[PDB]
There are 2 protein chains.
Amino acid sequence: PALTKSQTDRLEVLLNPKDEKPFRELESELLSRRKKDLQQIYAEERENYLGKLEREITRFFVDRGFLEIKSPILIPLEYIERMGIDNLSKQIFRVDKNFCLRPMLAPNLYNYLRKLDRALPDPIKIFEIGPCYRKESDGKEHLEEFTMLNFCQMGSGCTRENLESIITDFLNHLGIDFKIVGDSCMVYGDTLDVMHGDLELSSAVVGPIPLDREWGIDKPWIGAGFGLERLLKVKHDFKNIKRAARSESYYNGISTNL
Amino acid sequence: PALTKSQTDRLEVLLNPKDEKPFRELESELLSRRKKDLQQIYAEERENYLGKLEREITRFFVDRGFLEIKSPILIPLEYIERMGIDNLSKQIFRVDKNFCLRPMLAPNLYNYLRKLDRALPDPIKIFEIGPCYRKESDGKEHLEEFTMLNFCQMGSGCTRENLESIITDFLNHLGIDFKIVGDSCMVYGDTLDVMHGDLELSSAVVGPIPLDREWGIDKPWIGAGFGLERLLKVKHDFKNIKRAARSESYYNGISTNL
Ligand SMILES: Nc1ncnc2c1ncn2[C@@H]1O[C@H](COP(=O)(O)OP(=O)(O)NP(=O)(O)O)[C@@H](O)[C@H]1O
Ligand SMILES: Nc1ncnc2c1ncn2[C@@H]1O[C@H](COP(=O)(O)OP(=O)(O)NP(=O)(O)O)[C@@H](O)[C@H]1O
Ligand SMILES: [Mg+2]
Ligand SMILES: [Mg+2]
Ligand SMILES: [Mg+2]
Ligand SMILES: [Mg+2]
């Protein structure tokens, strides 16, 4: 008669946002739908949502004058201290005695900004997309392995207005609803946070900040960091961010346990 | 008069493969050339070689009927044992008590092959591109953080001839010279190795192998794994694989220390 909590949980795994007693028939129907969804992907486009979003974001920023960076994921532990992360400090995945999995893209991008200032014309515009890692207790809006986009500009035109304009163009391009709000944190400021309801899509900063001196930066700058899995969650109306992650359990938000 | 070893080393950092006393003038010339190279990239294409190669490889395999996978980089340690890696075992970067950085894409792809067999028509064709990690003593042809491509097919048409044909089409597409040779290893076989001179570009396997049973696989299959940094090294004639890596020291093989 009434579905159990465990049965409802099983059906929820197989339910997709656009879907509109006995359990076995409900399960059979959804299994059929999800198999057909995977079959359609396989027959036609064959692209993974996370990969495809990375490619779309890459095109957006390249076309707008930003240099594509691919920097190390395993970074020196000293970069954490140098970012002012003292006792986030408890969220770091340490590897060996001298390295960690990067929890953010900032330190590598600081180094690129400094180095490229010796070669490139003002303003210097760069971005990176790639894996980042944090130990998290939360499951709904957080992953321990996620994908960040960070873009930044240094030199001329590094105004709050320009930053808000890039953010607005970017999210209107992707078709993601948002509002920009004031907030603060230990590492940076004073940030602008880009929100979708109560979900943070991005934290953005208008420099300079005193942290810059440690990285050999003495020019104005602006930048923002976005989680790609959060963008996908909002775009595809996933109830849990696990549907948007690098995963063996979901493919393009479709359960692989069929 | 004569350049010192240290001076020659400095000039070699700034020398690019296509380049054709006192040290200060030689250094000044090369600095100028390398700055202009970065300026040209920034003015025109703005793509990173590693990112661009990933995108090109993605297009090749998608167009040939392979499903794009994005699976976890941090994987359970049990996957290592289950791959038959017992005491490579000393090359694994362990994280926490239960996880490691994946040294290869095989285990995740085995799981995808098994899972997708319940949904997709025969043959099942999949590929993944992404970071892999191994502790290495060698610096010239090895990185500790590298990027793998692995493709595989399971079911019908899983012949050595078909495998060699995919490999041949792929490398002729990229414009990379190669020969396919017989070899062997502890994990798989009996492999075919794809060589560029004495450099291994890929190891390839024609299944079934007895390892399959552990992963719930009982069908014929073929697959190959390629290092993207090795492909770039060969394509761009880099003397050291560090020029092709995720790096803060090189961008598209150009020194960032200018
Ligand atoms: N654990 C995570 N899982 C998924 N996305 C994340 C995670 N941590 C950060 N992000 C994304 O990266 C962006 C910038 O990083 P940051 O501002 O450091 O995150 P944060 O303030 O810790 N987010 P939250 O923990 O929800 O308050 C965030 O706005 C998110 O979109
Ligand atoms: N440390 C590394 N750095 C760069 N590429 C690598 C590394 N290890 C493996 N690869 C690439 O991944 C491919 C398949 O992996 P695998 O066959 O396990 O490597 P391998 O036999 O250990 N190579 P080698 O150590 O040179 O004999 C290789 O053919 C390389 O192109
Ligand atoms: Mg957080
Ligand atoms: Mg924040
Ligand atoms: Mg090896
Ligand atoms: Mg090999």
# chains A, B, ... in the order shown; residues from 1 in each chain; ligands from 1

$ residues_near_ligand --ligand "ligand 1" --cutoff "8 Å" --atoms "only C-alpha atoms and all ligand atoms" --output "ChimeraX atom specification"
/A:88,103-104,133-136,141-149,185,193-194,199-204,224-231,241

$ write_last_selection --atoms "C-alpha atoms" --output "mmCIF file, in the first residue's frame"
data_model
loop_
_atom_site.group_PDB
_atom_site.id
_atom_site.type_symbol
_atom_site.label_atom_id
_atom_site.label_comp_id
_atom_site.auth_asym_id
_atom_site.auth_seq_id
_atom_site.Cartn_x
_atom_site.Cartn_y
_atom_site.Cartn_z
ATOM 1 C CA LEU A 88 39.186 26.404 5.903
ATOM 2 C CA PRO A 103 41.123 24.133 -2.006
ATOM 3 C CA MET A 104 40.898 27.111 -4.386
ATOM 4 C CA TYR A 133 39.122 19.873 -2.868
ATOM 5 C CA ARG A 134 37.717 20.555 0.619
ATOM 6 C CA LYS A 135 36.651 18.321 3.469
ATOM 7 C CA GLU A 136 32.940 19.077 3.993
ATOM 8 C CA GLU A 141 25.108 21.955 -1.638
ATOM 9 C CA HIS A 142 28.715 20.773 -1.051
ATOM 10 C CA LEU A 143 31.069 18.227 -2.597
ATOM 11 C CA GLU A 144 34.536 17.279 -1.361
ATOM 12 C CA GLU A 145 35.728 17.114 -4.986
ATOM 13 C CA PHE A 146 34.389 20.037 -7.014
ATOM 14 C CA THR A 147 35.283 22.149 -10.057
ATOM 15 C CA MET A 148 36.039 25.852 -9.816
ATOM 16 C CA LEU A 149 36.083 28.610 -12.391
ATOM 17 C CA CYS A 185 35.280 36.476 4.722
ATOM 18 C CA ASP A 193 28.494 37.187 -3.297
ATOM 19 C CA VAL A 194 26.491 35.992 -6.290
ATOM 20 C CA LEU A 199 22.702 29.191 -2.644
ATOM 21 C CA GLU A 200 26.071 30.894 -3.150
ATOM 22 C CA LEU A 201 27.217 30.576 -6.765
ATOM 23 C CA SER A 202 30.281 32.779 -6.417
ATOM 24 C CA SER A 203 32.358 35.004 -4.207
ATOM 25 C CA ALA A 204 33.911 37.987 -5.975
ATOM 26 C CA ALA A 224 35.434 35.880 -9.047
ATOM 27 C CA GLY A 225 35.267 32.169 -8.323
ATOM 28 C CA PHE A 226 32.268 29.994 -9.304
ATOM 29 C CA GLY A 227 31.514 26.314 -8.562
ATOM 30 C CA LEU A 228 30.581 24.522 -11.786
ATOM 31 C CA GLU A 229 28.586 21.833 -9.959
ATOM 32 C CA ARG A 230 26.487 24.562 -8.318
ATOM 33 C CA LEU A 231 25.887 26.173 -11.711
ATOM 34 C CA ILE A 241 24.600 18.526 -5.944
#

$ interface_residues --of "chain A" --to "chain B" --cutoff "9 Å" --atoms "only C-alpha atoms" --output "PyMOL selection string"
chain A and resi 32+34-36+38-39+41-51+55+58+62-63+65-74+93-96+108-109+111-112+115-116+118-121+131+145+245-248+251+256-258

$ select_by_dssp --residues "region 60-139 of chain A" --states "strand (DSSP E or B)" --output "MDAnalysis selection string"
chainID A and resid 67:69 74:76 94:95 99:101 124:133

$ write_last_selection --atoms "N, CA and C atoms" --output "PDB file, in the first residue's frame"
ATOM      1  N   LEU A  67      43.087  34.837 -20.879  1.00  0.00           N
ATOM      2  CA  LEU A  67      44.008  33.748 -21.190  1.00  0.00           C
ATOM      3  C   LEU A  67      43.666  32.500 -20.386  1.00  0.00           C
ATOM      4  N   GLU A  68      43.538  31.352 -21.049  1.00  0.00           N
ATOM      5  CA  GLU A  68      43.218  30.080 -20.383  1.00  0.00           C
ATOM      6  C   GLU A  68      44.440  29.511 -19.668  1.00  0.00           C
ATOM      7  N   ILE A  69      44.308  29.267 -18.369  1.00  0.00           N
ATOM      8  CA  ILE A  69      45.387  28.691 -17.555  1.00  0.00           C
ATOM      9  C   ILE A  69      45.061  27.251 -17.193  1.00  0.00           C
ATOM     10  N   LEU A  74      47.776  19.613  -7.363  1.00  0.00           N
ATOM     11  CA  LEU A  74      48.586  19.371  -6.173  1.00  0.00           C
ATOM     12  C   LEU A  74      49.492  20.566  -5.986  1.00  0.00           C
ATOM     13  N   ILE A  75      49.309  21.293  -4.887  1.00  0.00           N
ATOM     14  CA  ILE A  75      50.064  22.515  -4.647  1.00  0.00           C
ATOM     15  C   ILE A  75      50.855  22.456  -3.334  1.00  0.00           C
ATOM     16  N   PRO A  76      51.915  23.276  -3.227  1.00  0.00           N
ATOM     17  CA  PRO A  76      52.660  23.324  -1.972  1.00  0.00           C
ATOM     18  C   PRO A  76      51.771  23.751  -0.807  1.00  0.00           C
ATOM     19  N   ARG A  94      45.668  17.189   2.949  1.00  0.00           N
ATOM     20  CA  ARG A  94      47.139  17.146   2.906  1.00  0.00           C
ATOM     21  C   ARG A  94      47.608  15.896   2.165  1.00  0.00           C
ATOM     22  N   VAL A  95      48.651  16.032   1.355  1.00  0.00           N
ATOM     23  CA  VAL A  95      49.264  14.915   0.637  1.00  0.00           C
ATOM     24  C   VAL A  95      50.773  15.008   0.910  1.00  0.00           C
ATOM     25  N   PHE A  99      52.814  18.910   0.326  1.00  0.00           N
ATOM     26  CA  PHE A  99      51.779  19.235  -0.640  1.00  0.00           C
ATOM     27  C   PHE A  99      50.370  19.042  -0.104  1.00  0.00           C
ATOM     28  N   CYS A 100      49.418  19.623  -0.822  1.00  0.00           N
ATOM     29  CA  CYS A 100      47.998  19.422  -0.571  1.00  0.00           C
ATOM     30  C   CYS A 100      47.233  19.511  -1.881  1.00  0.00           C
ATOM     31  N   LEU A 101      45.999  19.014  -1.872  1.00  0.00           N
ATOM     32  CA  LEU A 101      45.070  19.234  -2.977  1.00  0.00           C
ATOM     33  C   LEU A 101      44.543  20.659  -2.850  1.00  0.00           C
ATOM     34  N   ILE A 124      45.897  42.609 -17.680  1.00  0.00           N
ATOM     35  CA  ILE A 124      46.139  41.186 -17.753  1.00  0.00           C
ATOM     36  C   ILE A 124      44.855  40.479 -17.317  1.00  0.00           C
ATOM     37  N   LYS A 125      44.355  39.614 -18.193  1.00  0.00           N
ATOM     38  CA  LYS A 125      43.085  38.923 -17.995  1.00  0.00           C
ATOM     39  C   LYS A 125      43.322  37.434 -18.127  1.00  0.00           C
ATOM     40  N   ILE A 126      43.041  36.687 -17.065  1.00  0.00           N
ATOM     41  CA  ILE A 126      43.263  35.250 -17.068  1.00  0.00           C
ATOM     42  C   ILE A 126      42.114  34.509 -16.394  1.00  0.00           C
ATOM     43  N   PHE A 127      41.983  33.222 -16.695  1.00  0.00           N
ATOM     44  CA  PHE A 127      41.014  32.374 -15.990  1.00  0.00           C
ATOM     45  C   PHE A 127      41.497  30.938 -15.939  1.00  0.00           C
ATOM     46  N   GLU A 128      40.987  30.194 -14.961  1.00  0.00           N
ATOM     47  CA  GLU A 128      41.235  28.762 -14.879  1.00  0.00           C
ATOM     48  C   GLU A 128      39.949  28.066 -14.457  1.00  0.00           C
ATOM     49  N   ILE A 129      39.770  26.866 -15.003  1.00  0.00           N
ATOM     50  CA  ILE A 129      38.722  25.927 -14.620  1.00  0.00           C
ATOM     51  C   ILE A 129      39.394  24.631 -14.239  1.00  0.00           C
ATOM     52  N   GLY A 130      39.079  24.113 -13.064  1.00  0.00           N
ATOM     53  CA  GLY A 130      39.574  22.793 -12.719  1.00  0.00           C
ATOM     54  C   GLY A 130      39.211  22.336 -11.324  1.00  0.00           C
ATOM     55  N   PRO A 131      39.610  21.095 -10.987  1.00  0.00           N
ATOM     56  CA  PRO A 131      39.279  20.475  -9.708  1.00  0.00           C
ATOM     57  C   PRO A 131      39.837  21.229  -8.522  1.00  0.00           C
ATOM     58  N   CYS A 132      39.016  21.312  -7.486  1.00  0.00           N
ATOM     59  CA  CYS A 132      39.402  21.787  -6.166  1.00  0.00           C
ATOM     60  C   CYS A 132      38.808  20.845  -5.121  1.00  0.00           C
ATOM     61  N   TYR A 133      39.396  20.859  -3.919  1.00  0.00           N
ATOM     62  CA  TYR A 133      39.122  19.873  -2.868  1.00  0.00           C
ATOM     63  C   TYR A 133      38.979  20.511  -1.487  1.00  0.00           C
TER      64      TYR A 133
END

$ select_by_dssp --residues "region 94-236 of chain B" --states "alpha helix (DSSP H)" --output "JSON, numbers by chain"
{"B": [106, 107, 108, 109, 110, 111, 112, 113, 114, 115, 116, 160, 161, 162, 163, 164, 165, 166, 167, 168, 169, 170, 171, 172, 173, 174, 228, 229, 230, 231, 232, 233, 234, 235, 236]}

$ closest_residue --among "A:15, A:3, A:192, A:92" --to "ligand 3" --atoms "only C-alpha atoms and all ligand atoms"
A:92

$ atom_distance --atom1 "CA of residue 183 (chain A)" --atom2 "CA of residue 232 (chain A)"
23.3 Å

$ closest_residue --among "A:169, A:24, A:213, A:77" --to "residue 89 (chain A)" --atoms "only C-alpha atoms"
A:77

$ closest_residue --among "B:181, B:163, B:234, B:171" --to "residue 205 (chain B)" --atoms "only C-alpha atoms"
B:163

$ decode --residues "region 21-35 of chain B" --atoms "N, CA and C atoms" --output "tab-separated table (two decimals), in the first residue's frame"
chain	number	residue	atom	x	y	z
B	21	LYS	N	78.17	34.73	-24.98
B	21	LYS	CA	78.34	35.09	-26.37
B	21	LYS	C	77.95	36.54	-26.72
B	22	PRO	N	77.97	37.46	-25.73
B	22	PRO	CA	78.00	37.23	-24.28
B	22	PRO	C	76.65	36.69	-23.80
B	23	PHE	N	76.66	36.06	-22.64
B	23	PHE	CA	75.44	35.54	-22.04
B	23	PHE	C	74.33	36.59	-21.97
B	24	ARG	N	74.67	37.81	-21.57
B	24	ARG	CA	73.64	38.83	-21.32
B	24	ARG	C	72.86	39.19	-22.59
B	25	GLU	N	73.55	39.23	-23.73
B	25	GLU	CA	72.90	39.49	-25.02
B	25	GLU	C	72.08	38.32	-25.51
B	26	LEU	N	72.60	37.10	-25.36
B	26	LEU	CA	71.84	35.90	-25.69
B	26	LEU	C	70.57	35.81	-24.85
B	27	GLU	N	70.71	36.08	-23.55
B	27	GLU	CA	69.58	36.07	-22.63
B	27	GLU	C	68.56	37.14	-23.02
B	28	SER	N	69.04	38.35	-23.30
B	28	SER	CA	68.16	39.45	-23.67
B	28	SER	C	67.36	39.14	-24.95
B	29	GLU	N	68.02	38.57	-25.95
B	29	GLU	CA	67.36	38.17	-27.19
B	29	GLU	C	66.24	37.17	-26.94
B	30	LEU	N	66.54	36.12	-26.18
B	30	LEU	CA	65.56	35.08	-25.91
B	30	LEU	C	64.40	35.60	-25.06
B	31	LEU	N	64.69	36.42	-24.04
B	31	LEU	CA	63.62	37.03	-23.25
B	31	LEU	C	62.65	37.80	-24.16
B	32	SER	N	63.20	38.56	-25.09
B	32	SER	CA	62.39	39.33	-26.02
B	32	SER	C	61.52	38.42	-26.87
B	33	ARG	N	62.10	37.35	-27.41
B	33	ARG	CA	61.35	36.39	-28.23
B	33	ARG	C	60.21	35.73	-27.46
B	34	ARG	N	60.49	35.31	-26.24
B	34	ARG	CA	59.51	34.60	-25.44
B	34	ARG	C	58.38	35.53	-24.98
B	35	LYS	N	58.71	36.78	-24.67
B	35	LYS	CA	57.67	37.77	-24.36
B	35	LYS	C	56.74	37.96	-25.57
